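Enquirer: these are from a larger complex, still in place; more later:
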Amino acid sequence: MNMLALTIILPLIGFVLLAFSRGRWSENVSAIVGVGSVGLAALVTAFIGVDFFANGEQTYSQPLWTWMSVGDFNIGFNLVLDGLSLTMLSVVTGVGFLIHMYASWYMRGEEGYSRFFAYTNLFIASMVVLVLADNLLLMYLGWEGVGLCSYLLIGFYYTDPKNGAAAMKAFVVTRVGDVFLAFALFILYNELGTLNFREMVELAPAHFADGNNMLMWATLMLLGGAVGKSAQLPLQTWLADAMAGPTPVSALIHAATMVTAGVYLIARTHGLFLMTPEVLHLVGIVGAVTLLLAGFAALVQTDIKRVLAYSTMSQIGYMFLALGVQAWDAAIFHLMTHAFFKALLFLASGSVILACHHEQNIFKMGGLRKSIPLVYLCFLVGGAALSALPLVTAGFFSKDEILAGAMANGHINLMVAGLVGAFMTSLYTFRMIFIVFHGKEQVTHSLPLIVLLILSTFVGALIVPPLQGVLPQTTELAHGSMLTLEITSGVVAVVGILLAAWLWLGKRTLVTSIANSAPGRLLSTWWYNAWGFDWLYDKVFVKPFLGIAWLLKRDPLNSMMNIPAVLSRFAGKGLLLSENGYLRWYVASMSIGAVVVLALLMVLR
């Protein structure tokens, strides 16, 4: 259990070695160093979990040093490990190890092998810092490092400027989220004097007995930081554009690491959100609206990576809905299961991309079941887990827990929105599956696919996170109510799959009729561009910034303070006209000065 810092030390050592190698090492050696760093991180995580369960699920604390100590401002470099930290650590380490093995197969013959593995190792180390931190500033360190690694890995193909623009968009939107999170940190330290989670929870109700406006503001900015990192409303536009990176980058960002940081932040600081119920209800509303908009955006999209991106956005909206209905255990369970099947779906999508000679349009694709059976079965079980196919997939159990927690707490509209989102989720998932894999034909990587194949089935739901005693228990539903809720969810999923088979498995005749109609084309163009959010943020934040930069590029204040210089030059040039060199004018000026001096002496006397 004392090797808790090794889960950061090994990826850091791997990142340093692969960065300073500069590609001089062989591809086999670089792959060995990278996937071995992540593999020993996962092995140390497994030993940590064994020791944690052997110790009776006791919360472990390992300080290393004091980060800063200025008077009452004491921030320490301490790691903490509870059931939630162990769950996210195991998810990050295991899924990152599988993605790293698939990347070691996948990045063969590419320039930047060691750079890719160093950036992913730094990503893993920063996520372990994020999930293991006990105070808000150390978690902010992990937060910003994770954002930096996401920026570095999205624009991995630096030759194409679109990847760089996507990386800029991702880093800028996530930095706005981090600035809101910084606001939350400032308010919490100003009110409570500490940033440790346990101490914040302990001294929150004593300090906020009279006034609760500052704690409400702090939880609101925590929600703003979470939706900045988790790609929710209103900071969700970076995901689809920043999907231009490699497939293992996409799997690491969408399944393992990046979008789950907001869910971890809300679940970790759940006490402060519990004493401010309106902010938690806002978390639930934001998650519901985000999952609905993500589903409607993924319904009409023609890119498989973009469809998986909006599917990930809808699943994070589901987790935020679970957090808003105080179903914390359901949210973390859905986090684990969604990490498993989204990693499987993304790695199988990369296999499809490599098999289809770098084609990324779903309508160009056709009949890939016959060419590649293993990847097709991967996509089948991944879409079955994503669409919550009942009794055989972990996604069904996770969404059932989320909807039962929403129903038992009196949240009816959120449960209705979740059911509609599940219907649309099955719709777009099997729509893309049937478009890609049906129609007319036009040991390093198999092992992670097989492991994620097993983990995307009910075997993934057999793993229960040890969240008892860390997160509060959800209120239990009645047997009849939970039975009819499970029946309704299964019926909705099967009806969505069957209507997707009615629409896209055959010849799309009525689908073309809706697509070519004027309200149909209006709705398709609206949902294709993410409901105009990217256009709005271009016209409200980007274009005035560019206009102000273009206006100020000539430095107006420099000219304003250079105005006295041109005044002095003009005055000197004007005064030099008196030196015409004429003696009679000199005598006249002497007499003028005599008159002026005498008149001034007579006036002032």
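Expert: Cool, the structure landed. Residues are numbered from 1 along each chain as shown, chains lettered A, B, ... in the order given.
Enquirer: after the lengthiest strand in chain A, next one along is what?
Expert: Looking across chain A with DSSP state E, the single longest strand is strand A:60-70. Heading C-terminal from strand A:60-70, the first helix or strand you meet, by DSSP states H and E, is strand A:73-81.
Enquirer: ok and that following strand relative to strand A:60-70, angle-wise?
Expert: 160 degrees (axes from the mean of the first three to the mean of the last three Cα atoms, to 10 degrees).
Enquirer: neighbouring contacts of strand A:73-81?
Expert: Here strand A:73-81 makes contact (Cβ atoms under 8 Å, 6 or more residues apart in numbering) with A:1, A:4-5, A:48, A:52, A:59-69, A:89, A:132-135, A:137-138, A:189, A:194-195, A:197. Where you see a C-beta, it was placed from the backbone N, CA and C, and this is true even at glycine.
Enquirer: Same question for stretch A:173-190.
Expert: A:73, A:136-137, A:140, A:143-144, A:147, A:150-151, A:195, A:200, A:214, A:217-222, A:224-229, A:235, A:237-238, A:265, A:272.
Enquirer: what's across from residue A:80 in the sheet?
Expert: On the basis of DSSP bridges, residue A:80 is bridged to residue A:61.
Enquirer: And for residue A:69?
Expert: Residues in beta-bridge contact with residue A:69 (DSSP bridges): residue A:74.
Enquirer: what about the longest helix in chain A?
Expert: helix A:161-192 (DSSP state H).
Enquirer: Tell me the buried residues in that helix?
Expert: A:163-164, A:166-171, A:173-178, A:180-185, A:187-189, A:191-192 (16 or more other Cβ atoms under 10 Å).
Enquirer: go on, stretch A:148-161?
Expert: Here stretch A:148-161 shows A:148-156 as buried, counting by 16+ other Cβ under 10 Å.
Enquirer: For residue A:16, state which of those residues is nearest.
Expert: Distance to residue A:16 across those (Cβ to Cβ) is lowest for residue A:149, with 14.0 Å.
Enquirer: my read: the closest one touches residue A:123, true?
Expert: Yes - the pair residue A:149 and residue A:123 qualifies as a contact (Cβ atoms under 8 Å) at a distance of 3.8 Å.
Enquirer: what residues do the two have in common as contacts?
Expert: By Cβ under 8 Å, 6+ apart, no residue touches both residue A:149 and residue A:123.
Enquirer: circling back: closest to residue A:277 out of the buried residues of stretch A:148-161?
Expert: residue A:150 (32.3 Å).
Enquirer: Without its sequence neighbours, what residue ends up closest to that closest one?
Expert: residue A:258 (5.4 Å; Cβ to Cβ, 6 or more residues apart in numbering).
Enquirer: Could you pull up the residues touching the one you found?
Expert: A:146, A:150, A:229, A:252.
Enquirer: switch the cut-off to 10 Å
Expert: By Cβ atoms under 10 Å, 6 or more residues apart in numbering, residue A:258 lies in contact with A:123, A:127, A:146-147, A:149-150, A:153-154, A:170, A:174, A:229-231, A:239, A:242, A:249-250, A:252, A:312.
Enquirer: same deal with residue A:157?
Expert: Contacts of residue A:157 (Cβ under 10 Å, 6+ apart): A:110-112, A:163-164, A:244-246.
Enquirer: how about 7 Å then?
Expert: Listed by Cβ atoms under 7 Å, 6 or more residues apart in numbering, the contact partners of residue A:157 are residue A:163.
Enquirer: May I have the secondary structure class of it?
Expert: In three-state terms, and counting by DSSP: H, G, I helix; E, B strand; the rest coil, residue A:157 is coil.
Enquirer: tack on chain B:
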Amino acid sequence: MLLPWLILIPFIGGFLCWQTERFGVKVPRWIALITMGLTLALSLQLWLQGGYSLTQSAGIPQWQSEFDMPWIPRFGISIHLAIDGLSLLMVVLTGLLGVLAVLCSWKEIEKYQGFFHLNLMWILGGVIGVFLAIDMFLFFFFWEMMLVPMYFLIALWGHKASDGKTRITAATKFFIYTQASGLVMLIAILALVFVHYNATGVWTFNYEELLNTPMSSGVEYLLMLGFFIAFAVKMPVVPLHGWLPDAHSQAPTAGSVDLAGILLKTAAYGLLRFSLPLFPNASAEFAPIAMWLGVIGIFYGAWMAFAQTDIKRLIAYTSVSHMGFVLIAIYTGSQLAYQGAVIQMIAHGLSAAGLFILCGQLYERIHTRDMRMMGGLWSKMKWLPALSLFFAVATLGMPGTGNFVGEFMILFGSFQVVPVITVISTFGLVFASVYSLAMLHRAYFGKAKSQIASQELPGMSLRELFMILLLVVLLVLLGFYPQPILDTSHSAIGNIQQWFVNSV
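Expert: Take a look at chain B, now in place beside the chains above:
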């Protein structure tokens, strides 16, 4: 004791650099290297023997070391030096940046290298004397004597690709700004001394004696305004800022002049040491105007830095934005914000030194500074784009680098004081990330937009890579372990903060 030798070793080293040029053309660089080696060794010896971590705040004055000698006894003027935690930290930073400046110009085998080296040492000695002097006339004397070698270096040894007239104009504008501001500061000092003389009857320029001077409200405001105008020119604070990009553009191609006296933040030290203790009520009244000037400076510098097509001007405007952050920190009256200001100035010095050194290397390889004539240099260079990426991530406030630590302690203290300026400054940090990414992708990412950027370029030298990696290691260690720097300056920050808040 060692403070006169700390000031005088650069001057004797510069004289020896000029005189030993007859022994050979490769001699004065070694003399300058041993000169700043001895200076940095003396600074580290003072750090070890000072016991700064165990020193508690006892109130102004409290100096860890002190030297006094009468200089002009008619006016009560003395060469009076004093070192404490903040002054020792800035002296150590001055010594390290001087070592980097000597090592950066190692390949100059020009026929007049002795005068260049002598001017560099006179600049460094002037900066050390500014950080060490606690006599007003001596502090002003150093403040103005360190500008003549900067003027001559910019004007004669500056950017060789540019025309001579641009170098002369930039050097003259920088000199006019700094010296007019210094003359305003001298007027404020003289009026304060005359007020003290009318109040007590003794001639003095010593800063410890001028602290307990009874001033009416409004006269103190004028003296504070003179001091702040000098420090606002030198910091820079908007609109007294254009001299900094103009001097950085026409600086010598190596970048040693930037590291010598330009990148060392003497003006904020003067604001912490002289503006706040001597005029506490006037500074308390002036705090909203100064902090809104800092906000305007942050956003103005960010918008200028995004709009620059030149790397050197871009880094100069990054300096403008970070100095706006420090200016916001100084007028808060908070211990946390002051400690964050100290950390931010040290980290900004390190990061901007690395950025300017790497810009000099990049101009050496590609023979241009326009960002439209480059692009996709990651595949054409070995070490430079990754280190430039590290430094650009450092100046946007990334944790693991000391800039984040300094800026976040600044914002924590400021939010403990005033929330609105803090939130606007954090959006300024967003703007800082924006301009850092813009510089990175216009410089090293994309396709080659010219012909010189499409060819393979030679790698950096072992000494140059050594000093760049030394800067990298120092920035990382400051980001992860800033505690010894915090305990070094804890007594001076405590004394200044208690004097500021216990006299208002």
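Enquirer: again for the contacts of strand A:73-81, chain B present now?
Expert: A:4-5, A:48, A:52, A:59-68, A:132-135, A:137-138, A:195, B:336, B:412 (Cβ atoms under 7 Å, 6 or more residues apart in numbering or on different chains).
Enquirer: re the thing from before, tell me what the longest strand of chain A is packed against?
Expert: Judged by 3 or more Cβ pairs under 7 Å, 6 or more residues apart in numbering or on different chains; DSSP states H and E, strand A:60-70 is in contact with strand A:73-81, helix B:335-366, helix B:402-417, helix B:483-488.
Enquirer: Including distance to residue B:219, could those go into CSV?
Expert: Shown next, in CSV, are those (distance: least, Cβ to Cβ, whole Å):
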stretch, distance to residue B:219
strand A:73-81, 37
helix B:335-366, 26
helix B:402-417, 27
helix B:483-488, 36
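Enquirer: Can you report how many residues lie near the residue in the stretch 251-400 of chain A that chain B sits nearest to?
Expert: Closest residue of the stretch 251-400 of chain A to chain B, Cβ to the nearest Cβ: residue A:261 (14.5 Å). A count of nearby residues for residue A:261, using other Cβ atoms under 10 Å in any protein chain shown, gives 26.
Enquirer: Return the distance of residue B:388 relative to residue B:157.
Expert: From residue B:388 across to residue B:157, the span is 25 Å (Cβ to Cβ, to the nearest Å).
Enquirer: picking up where we left off before, what's near enough to touch the residue of the stretch 251-400 of chain A closest to chain B?
Expert: By Cβ under 7 Å, 6+ apart, the contact set of residue A:261 is A:130, A:143, A:146, A:229-230.
Enquirer: 8 Å instead?
Expert: A:127, A:130, A:143, A:146, A:226, A:229-230 (Cβ atoms under 8 Å, 6 or more residues apart in numbering or on different chains).
Enquirer: How about the secondary structure of the residue nearest to residue A:231 when sequence neighbours are not counted?
Expert: With Cβ to Cβ, 6 or more residues apart in numbering or on different chains as the criterion, residue A:231 has its nearest non-adjacent residue at 4.3 Å, and that residue is residue A:239. Put simply, residue A:239 is helix when judged by three-state DSSP.
Enquirer: what residues are up against residue A:239?
Expert: A:170, A:231, A:254, A:259, A:309-310, A:312-313.
Enquirer: Tell me how many other residues crowd residue A:516.
Expert: Using other Cβ under 10 Å, residue A:516 is surrounded by 10 other residues.
Enquirer: Contacts only, for it.
Expert: Neighbours of residue A:516 in contact, by Cβ under 8 Å, 6+ apart: none.
Enquirer: what does the one 4 residues further on give?
Expert: With contact set as Cβ under 8 Å, 6+ apart, residue A:520 has these partners: A:513-514.
Enquirer: okay, among the contacts of residue A:239, which ones form the most distant pair?
Expert: A:170 and A:310 (15.6 Å).
Enquirer: Which residue is the nearest non-sequential neighbour of residue B:367?
Expert: Nearest one to residue B:367, counting by Cβ to Cβ, 6+ apart, is residue B:452 at 6.3 Å.
Enquirer: again but with residue A:421, I slipped
Expert: residue A:291 (4.5 Å).
Enquirer: Just the C-alphas of the host helix or strand of the one you found, formatted as CSV.
Expert: Following DSSP H and E, one finds residue A:291 within helix A:277-299. Provided in CSV are the C-alpha atoms of helix A:277-299 (Å, rounded to 0.1, in the frame of the first residue of the first chain):
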residue,chain,number,x,y,z
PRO,A,277,-29.3,21.2,-3.3
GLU,A,278,-30.1,23.7,-6.0
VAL,A,279,-26.6,23.3,-7.5
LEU,A,280,-27.0,19.5,-7.5
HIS,A,281,-30.3,19.9,-9.3
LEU,A,282,-28.5,22.1,-11.8
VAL,A,283,-25.9,19.3,-12.2
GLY,A,284,-28.8,16.9,-13.0
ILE,A,285,-30.5,19.4,-15.4
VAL,A,286,-27.2,20.1,-17.2
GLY,A,287,-26.5,16.3,-17.6
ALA,A,288,-30.0,15.7,-19.0
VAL,A,289,-29.9,18.5,-21.5
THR,A,290,-26.3,17.6,-22.5
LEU,A,291,-27.2,13.9,-23.1
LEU,A,292,-30.3,14.9,-25.1
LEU,A,293,-28.4,17.4,-27.3
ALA,A,294,-25.5,14.9,-27.7
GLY,A,295,-27.9,12.2,-28.8
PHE,A,296,-29.7,14.4,-31.3
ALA,A,297,-26.3,15.5,-32.7
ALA,A,298,-25.0,11.9,-33.0
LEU,A,299,-28.3,10.9,-34.8
